[PDB]
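Next up: a single chain in C-alpha cells, the form deposited in one PDB entry.
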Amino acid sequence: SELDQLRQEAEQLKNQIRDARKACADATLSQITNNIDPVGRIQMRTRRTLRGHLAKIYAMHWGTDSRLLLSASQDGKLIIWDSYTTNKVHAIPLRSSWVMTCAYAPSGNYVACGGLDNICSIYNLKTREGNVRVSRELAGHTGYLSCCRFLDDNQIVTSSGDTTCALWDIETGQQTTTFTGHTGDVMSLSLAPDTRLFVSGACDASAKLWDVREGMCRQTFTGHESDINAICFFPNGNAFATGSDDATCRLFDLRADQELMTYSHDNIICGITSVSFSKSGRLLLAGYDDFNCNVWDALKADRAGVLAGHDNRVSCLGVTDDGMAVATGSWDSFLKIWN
C-alpha cells in the first residue's frame, strides 16, 4: 500500500513505455509521403443553409444516411434536419440550454444529447407516439456529459467531466460498463468502425483506446502538452486524429501506439476543438477555438485549404459517411452544408 513505491513503479513503467516507442519512432509520416503531390486547393462551397435554431449551435452529428443530421443548440432545442431540403424533420425542446453533445443512432430510430445536466437524454424519433419529451435519461456521471455515440438502439457510450466514460443499457438506464483511467475531464470520444473499440480524449493530455466488450483500457497515447478537446477515429480503425489546446492536431496509430504526424503552424495559436477526416482520410478538418476551420492534408502535414474562409463562424463540424459533404454550425444559430 506504500503509495511512494506504487507511483514510483508507475513512473518506471512509463519510462519503459516511452523508450519502446522511441525505438519504433524511426521516421515521420511527412517523409513517407514526401513524394506524394499535394491535393488541389480545397475550396468548399455552401450548398444548403439550415435556418431554425434561435441561438449558438453547440454540437451536431450526421446520420448514417448522410442526409438527416442533428444539431444541439444553446436555445435548448435539438433539431433533426433534412440537409437536402433544409426542412426540419424534428424539433425537440430540451431541459437545458447547455448541451455539449448530440448523438444520432445509426438506425435513425433514436437521438441523444447531454451537457451540464450530467445526464445523457435519449429521444425516440420513429414512433406512432413520436418522442420529443424523452425515452430515457441516463443519470450517473458526476460531471457534465461531453460526448456520446450510439452503438445500437440499446447501447450508447458517454464521456464526462467526471473523468469517466461509460457504456449504458438504454432499456434499463443502468451503466453497464464504466471506463476509468483518465486523470482529468474526458472531452471527447469516438467509436471505431467496428464498434468493438473506441478512443477518448481528455484534459490529462492523453487519449485512451478502450475495448467496449471487455470494459478495460487497451492503450494510452500521449504527446499533447495540453487538454485534448476533440478526437476522431480514422476510417480503417487503425488510427485516429486528436485536437488539443496546444494548437496541434495529432495522428495516432494503434499498432505503433504513438503519433505518426503532428499538424500545426506558428500562426496557429488557438486550441483545436473539432476534428474530422474526409472519406478517404486524405483531409483532416480542424475547427479551432477562434471559430475558424483548417482543412489539413493528412499525408503531407500541410494545410490543403480553409473551410468557411476564416469567417470566425464555426462552432462545430462533421463529415457525412459518404464523404459528400461537411456540415458546420455557428454561434449565429445557422448551419451550413459544404462540398
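Numbering starts at 1 and runs along the sequence shown. For clarity, a rigid core is taken as the largest C-alpha set superposing within 1.5 Å between two forms.
- In this crystal structure, the stretch out of 282-290 and 268-276 whose C-alpha atoms carry the higher mean B factor is 268-276.
- Stretches 23-31 and 50-58 differ in mean C-alpha B factor, with the higher average recorded for 23-31.
- Out of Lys126, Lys77, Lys88, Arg149, the entry records its largest CA B-factor for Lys126.
- Between the residues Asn229, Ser206, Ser97, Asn109, the entry's highest C-alpha temperature factor is the one at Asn109.
- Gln258 sits in the highest third of its chain by CA B factor, as recorded in the PDB entry.
- Per the PDB record, residue ranking by Cα B-factor puts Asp311 in the lowest third of the chain.
- Split the chain's modelled residues into thirds by C-alpha temperature factor. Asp37 is in the highest one.
- Among the modelled residues of the chain, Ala241 sits in the lowest third by CA temperature factor in this PDB entry.
- Ranked by C-alpha B-factor against the other modelled residues of its chain, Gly215 falls in the highest third.
Keep in mind that the form deposited in another entry is not shown, yet the notes after this line are about it.
- In a core superposition between this form and the one not shown, the Cα of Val132 is the only one among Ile269, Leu116, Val132, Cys217 shifting by 2 Å or more.
- Relative to this conformation, an increase of 3 Å or more in the Cα-Cα distance between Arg149 and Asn131 is found in the other entry.
- Relative to the shown form, the CA atoms of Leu317 and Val132 are pushed 3 Å or more farther apart in the other entry.
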